[PDB]
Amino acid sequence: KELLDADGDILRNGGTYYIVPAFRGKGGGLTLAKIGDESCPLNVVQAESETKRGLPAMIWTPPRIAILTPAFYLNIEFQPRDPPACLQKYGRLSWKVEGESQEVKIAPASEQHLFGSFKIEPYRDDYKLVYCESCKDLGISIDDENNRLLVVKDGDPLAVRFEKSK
């Protein structure tokens, strides 16, 4: 199966997309939030408002191939226009999974791996994101303050689509 954006174009290696929900009524696209006692927004979350596309995400794999497929391991990097000061010296805001909490967060730059651990898979009529420590679905878990945390949640994936950032 081919990985397509919402227009029908195959996803590009190194392309930038908004990662938006395929279903209505439970939040918008993927973005960052500060959680708990953290002063910096290091958690990947779904936007509370369905009207929001979230942050552009650059998706890439080391092989010098022009398109992406479900077989490739991916790095996913948020590219905000106006990153908060605490994240301005990162260079790349790459996703990781924290092993003990299973939360998707932004990695320190020194921790980023050449091959990422994410993949994109068809899911019903849309797509899902998976994390490969076998691979497990990423889904949403609500915290005490109603933040919609992106977490490993095997069997309850967040269904997503990809919109070109432009």
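One rule holds for the numbers: they count along the sequence shown, beginning at 1.
**Q.** Unmodelled deposited residues between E38 and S39, binned
**A.** In the record, the chain runs straight from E38 to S39 with none unmodelled.
Q: Averaging only over Cα atoms, indicate whether 30-38 or 118-126 has the higher B-factor in the PDB entry.
A: 30-38 has the higher mean C-alpha B-factor.
Q.
Please compare 74-82 with 88-96 and name the stretch with the higher mean C-alpha B-factor in the deposited structure.
A. The recorded data point to 88-96.
Q | Selection from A109, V44, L138, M58 [criterion: highest C-alpha temperature factor in the record] | A | Highest C-alpha B-factor among the listed residues goes to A109.
Q) If you rank the chain by CA B-factor, which third does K1 end up in: lowest, middle or highest? A) Highest third.
Q | Chain-relative CA temperature factor third for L68 | A | Ranked within chain, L68 CA B lands in the middle tercile.
(Q) Split into thirds by Cα B-factor across the chain's modelled residues, where does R161 land: lowest, middle or highest? (A) Its C-alpha B-factor belongs to the lowest third of this chain's values.
Q | Third assignment of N146 from its chain's C-alpha B-factors | A | Highest third, going by the recorded CA B-factors of the chain.
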